């Protein structure tokens, strides 16, 4: 369950700010890049202080695996990036795989929208988007530190030469691009 994360968030993340939540989502995108599948990772800091991370990798698995009765993506989000889900007022996950666009959404660590096919796309159009709204009640400050995000993303870009990383800050109206 995710209740224990909500009871003691500081046992699971840096509760100073939601930056570490951001890093966890970023790490998963970067992993797809390191695995050789993603060529671009975009991060967007929205005006409402929610963070959105998108990669053009293979897309999180949406199928139901033998043994499991629930879509892989749901397990990934709910089975203890599940910490991000636990500590967010809302999380929206969208996946492009197999020429279909899939959506699923959570609030307060609980699913509020079943995995649903909501569109179609090119066969080569693949990737994962995670957009989350941290619950301010778990953090000393709800504000993402922009400098900390930039240090992190510069660090990831150098770790993955050839992968493009972008950061769009819709609060301060800047965009940065790295590609080493």
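Numbering follows the first chain given and starts at 1.
The modelled chain is continuous from residue 72 to residue 73, since every residue of the deposited sequence in that stretch has coordinates. Stretches 169-177 and 4-12 differ in mean CA B factor, with 169-177 having the higher one. Two stretches are in play, 121-129 and 48-56, and the higher mean C-alpha B-factor belongs to 121-129. The entry lists C-alpha B-factors for 145, 137, 113, 28, and the highest of these is at 137. In this PDB entry, the Cα temperature factor of residue 87 sits in the bottom third of its chain's modelled residues, the lowest group. The entry lists a Cα temperature factor for residue 78 that places it in the highest third of the chain's modelled residues.
Sort the chain's modelled residues by C-alpha temperature factor and residue 21 lands in the lowest third, per the entry. In the PDB entry, a CA B factor belonging to the lowest third of its chain's modelled residues is recorded for residue 103. Residue-level temperature factors show residue 41 in the lowest third of its chain, judged at the C-alpha atom.
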